[PDB]
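Comments concern the structure below.
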Amino acid sequence: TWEXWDXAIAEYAXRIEXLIXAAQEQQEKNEXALXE
Amino acid sequence: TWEXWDXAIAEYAXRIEXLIXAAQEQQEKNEXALXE
Amino acid sequence: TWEXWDXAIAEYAXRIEXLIXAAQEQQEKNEXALXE
Amino acid sequence: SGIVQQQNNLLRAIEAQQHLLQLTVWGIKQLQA
Amino acid sequence: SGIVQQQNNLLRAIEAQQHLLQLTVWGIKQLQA
Amino acid sequence: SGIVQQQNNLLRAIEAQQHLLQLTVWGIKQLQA
């Protein structure tokens, strides 16, 4: 619906904040080989 | 015009999707020195 | 106010353009160890 | 490396933000009704 | 490295753009009044 | 490296998305007419 395709949009902005998870946590592993 | 400066905006969003080309293809070259 | 929380929004978009400073200038230092 | 796997994660995020922009440029260019 | 410190700066920027998107998705989903 | 040349490509994309945000924050802060 309206408030549906506005579910979809805000729960993609869920996905991207998922990628931004994975990326911040291959970082705080690069803060790992920088321990040494 | 209206639907002109809306040409310009959507065909910048062309440019960025150009940069996002170049960046994905210095990646699938880094997936190159990671072949070895 | 209106034109306040529109201060806050445009002066966050200040902050991000601060991060995008720091990032462009750890780059033109990586253009430093690439002098050698 | 595996850092180069996060590069694809940064690339993947930039790429998806881009689609949220268009979706939102759509909302506006429509909300002019 | 210290390049890996700019990675956190790229990450930090992507992360903040993300919040500007939501703030702006808010403006629209509201400006439908 | 040349990876560091794509870093400038990631930087360049983040930088340009930023300008699309402002252009779009403009559309809204105006579309309140």
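Residue numbers (this note's numbering), protein chains in the order written: chain A, 7 to 42; chain B, 7 to 42; chain C, 7 to 42; chain D, 5 to 37; chain E, 5 to 37; chain F, 5 to 37.
Backbone N, C-alpha and C define an ideal beta-carbon position, used for all residues, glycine too.
Taking its Cβ as the centre, do 16 or more other Cβ atoms sit within 10 Å of residue i, making it buried, or is it exposed?
i: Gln22/F; result: buried
i: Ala20/E; result: buried
i: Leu25/E; result: buried
i: residue 3/D; result: Nothing about residue 3/D can be read from this structure; chain D reaches only from 5 to 37.
i: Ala14/A; result: exposed
i: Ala39/A; result: exposed
Can you tell me which of the three DSSP states residue i falls into?
i: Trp30/D; result: helix
i: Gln32/B; result: coil
i: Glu17/A; result: helix
i: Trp8/C; result: coil
i: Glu42/A; result: coil
i: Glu37/A; result: coil
i: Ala37/F; result: coil
Could you check how far apart the C-beta atoms of residue i and residue j are, in whole angstroms? I think they sit under 8 Å.
i: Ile32/E; j: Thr28/D; result: 7 Å
i: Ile26/A; j: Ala37/D; result: Not really, about 33 Å apart at Cβ, beyond 8 Å.
Out of the options, which one is the CA nearest neighbour of residue i?
i: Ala19/B; options: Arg16/D, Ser5/D and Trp30/D; result: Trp30/D
**Report entry** Segment contact, 8 Å Cβ cut-off, at least three pairs: the segment 5 to 14 of chain E with the segment 29 to 41 of chain A
**Finding:** They touch, by the three-pair rule.
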